[PDB]
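Just the one chain here, the form deposited in one PDB entry, laid out as C-alpha cells.
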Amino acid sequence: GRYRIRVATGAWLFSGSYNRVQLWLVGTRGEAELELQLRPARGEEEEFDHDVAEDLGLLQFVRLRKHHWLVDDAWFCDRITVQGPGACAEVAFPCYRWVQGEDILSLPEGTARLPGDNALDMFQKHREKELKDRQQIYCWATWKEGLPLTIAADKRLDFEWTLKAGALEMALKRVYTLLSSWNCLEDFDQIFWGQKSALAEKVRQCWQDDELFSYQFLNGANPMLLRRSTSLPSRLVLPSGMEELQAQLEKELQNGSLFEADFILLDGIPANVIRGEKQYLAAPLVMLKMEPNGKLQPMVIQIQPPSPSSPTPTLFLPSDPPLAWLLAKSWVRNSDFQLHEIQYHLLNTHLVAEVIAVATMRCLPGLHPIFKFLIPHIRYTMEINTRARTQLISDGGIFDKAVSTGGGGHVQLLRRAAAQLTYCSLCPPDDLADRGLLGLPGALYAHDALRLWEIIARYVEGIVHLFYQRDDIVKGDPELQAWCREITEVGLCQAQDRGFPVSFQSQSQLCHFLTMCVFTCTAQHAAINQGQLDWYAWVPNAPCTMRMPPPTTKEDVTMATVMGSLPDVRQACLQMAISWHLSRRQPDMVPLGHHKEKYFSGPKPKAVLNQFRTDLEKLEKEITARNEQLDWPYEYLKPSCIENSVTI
C-alpha cells in the first residue's frame, strides 16, 4: 500500500538542516515504522510517500519519536494527514503541540469520540493514559484562598515588573518634574498622547455631559453592572427636604424606567497606598432614569453607602453645584474602573476562563469532542493569567502601584466577587434578564450579547448534538462529568451554591454550560476588554485611583477638590500606559470562530463551524449597519473584533 503522509508544522527551532522523526502508522491490525527527514518551511505541509508491505487497515494512531535530536531543538506539530491506499480520504491526526522529550508521542484518530466501557479499546487506553499525563502536567494551584483555583506556576505581557518598575518610576518622576502646572481639568490633555480612537476623542470632548456618563453603564467599557430597579435600594436613604427626588424615583420605579448601578461590592475594601500617599475608595450607587427617547439619564449619585457613623450620606444630583456633581460622577467612574478591572474583566472573564482551561486540559482528553470544541477558546489563557498573577495583580505588582484597590484590597474584592460569581451572571440571557436589560433598545451591548449567545449556542448545539444525541449519553460520559465537577467543585471552589452545575443531566444543560464557556472565553472578554482603549484612555472618564476622600458637602467642592481627588501625573500616566499596553491590537489575533486548528476531522463539526462563521458574518454586517446610524456606536461585540480566546 501507498501511504501519503502530509505533515503540517506550526513552528520549529531546528538547529540542523534535517531532523529525523520515527513515524509509526498504527492501524487496527498492524503498525508501520517510517523514518521522516523533517525539512519544515513556513506554509509547507511536508509530504512523504511510503510503500508498505503489510496491510495496516483502518488507521487509528500515529506515533512520533524524535530520533537522535539536538537538545535545544523543538518542533510544534500541527497535524499529520495520512492518505491510505486507494482514494480513501486523508485521515487526519491533530497534534497541535510541541513534540518534546524522547518519549513516543501518540496521536489518535481525529474523529472525536466519547469514552466507552471497553477498557481493552485502543482509544480508551490512550485517553486514560493521556488523562493521567495531563493531570500531572496541569495542576490546580490556589493563588489566594476564596478565589478560583489557577494553573500551577511550576509577547503582549512578557516583561519583568521588578526590572521595569524602577525605570517606570523614574520616567513618571521626570513627567512629574517637567510638568507641574496641575490645577485645571484640561491639564490631562498634555498627557493625552497615543492612538486615540474616534470614540476616545469623543469621550475627551463630551465626558462631562450626563448622557455619556449614563451611556457608559449600558454600552461603555463595563456594561455588566447596570440593572433595572424592581424597588428602591435599601442603601438609598433620602434625607429630609429631598421629597421631589423621592417622587421622581418612585415615578421612574412605577414606570419601569428606573435603573441602578450599585458598587456595593467595594464597600470596606482597603485602599492602596501609592507612593506613600493613601488612596481612597467608595461604593457608590447611581440611580438612572430611562427617558422615552431611549437614553439613560442620571437621577442621583450616592458615593458612600450608609454607615453607623454616617446614617444618611450625601446624595449628589445633576442639578447640584456642577463640580460636586462632576466629582460624584468621577467617583462613580473610579468605582466602575475598580469593579470592571477586578470583578468583570479579571474574575468574570480571565479567572473563569482559566478554570475552564485547566479543567479542560485535566479532565477532557484529546479525543473528546468537548475538548476539541474548547481547545481553540482556551489558548494562551493560562499563560496570560500566570503573567497577570506574576506582574499585574501580584504583591507589589502593576495593580499595587497603579490602582486604588491594589495593595491587598483587590484580593478581598476578588473574594467578594467570587462569592457572587454566579452561573446566571455569566450567561447574557440570564444576566440581562436578571438585570432587566432585555428589550431595552439603547442597550447595544445587551442586543449584541444576546445575538452572540444565539449564534454561540447554535455553534454549541451543533457540535453537541453530533456527539451527544441523547441525555443518557450526556449522563454516561464520565470525562464530561469529571470536567464539570473540576470546573464547579474544584476549579471554582464548590460553586454549586452559585448556580454552577455539579453534573450534566441533559443535552441542553451541557449546551448552556458550553455556551457560557465560549461566551466567557470569547465574547464577554471582548466586551469587557475592548473598552479600555477609548473609554479609559481619558483618565477623568475613569480614574484608576482617587487621592482624596469622597466629598460629603456639595458647596465645598471646587476645582482644587476635583483635581486633588483625580489622579496625579504619575497615576494618570501609569493608567494610560497600562490601558494602552493592554488594549493594543496584537498581530497574532484570531477572530471568533476563525481558528486554523483542525481538531475535528468529521465534515459535520466542520459544517457547524462554517455555519458559526456565517452567522458571525451576518451579525457583523448587522452590527455594522446598525452602527452607521449611531453617533456612539457599539463595536465591542463585532465578531471580527471578538478574539477567539482570553489572551489579554
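Rigid core (definition): largest C-alpha set, two forms, superposition within 1.5 Å. Residues that one form lacks are left out of the comparison. We number the residues from 1 along the sequence you see.
Just so it is clear, the following notes concern the form deposited in another entry, a form of the same protein that is not shown.
Chemist: Once the rigid core is lined up, just say which one of 209, 133, 160, 243 has a C-alpha that travels 2 Å or more between the shown form and the other one.
Modeler: The listed residue whose C-alpha shifts by at least 2 Å is 160.
Chemist: Residue 120: with the rigid core matched between the shown form and the other one, does its Cα shift 2 Å or more?
Modeler: No, the C-alpha moves less than 2 Å.
Chemist: Taking the rigid core as reference, does the Cα of residue 172 move 2 Å or more between the shown form and the other one?
Modeler: Yes, the C-alpha moves 2 Å or more.
Chemist: Given that the shift is 3 Å or more, do the Cα atoms of residue 163 and residue 276 end up closer or farther apart in the other entry than in this form?
Modeler: Distance between the C-alphas of residue 163 and residue 276: longer in the other entry, by 3 Å or more.
Chemist: Classify the change in Cα distance between residue 530 and residue 165 in the other entry as closer or farther, relative to the shown form (magnitude of 3 Å or more).
Modeler: Pair moves closer in the other entry.
Chemist: Where does the protein shift between the shown form and the other one, taking runs of 3+ residues with every CA moved 2 Å or more once the core is matched?
Modeler: The segment that shifts (3 or more residues, C-alpha shift of 2 Å or more) is 155-180 alone.
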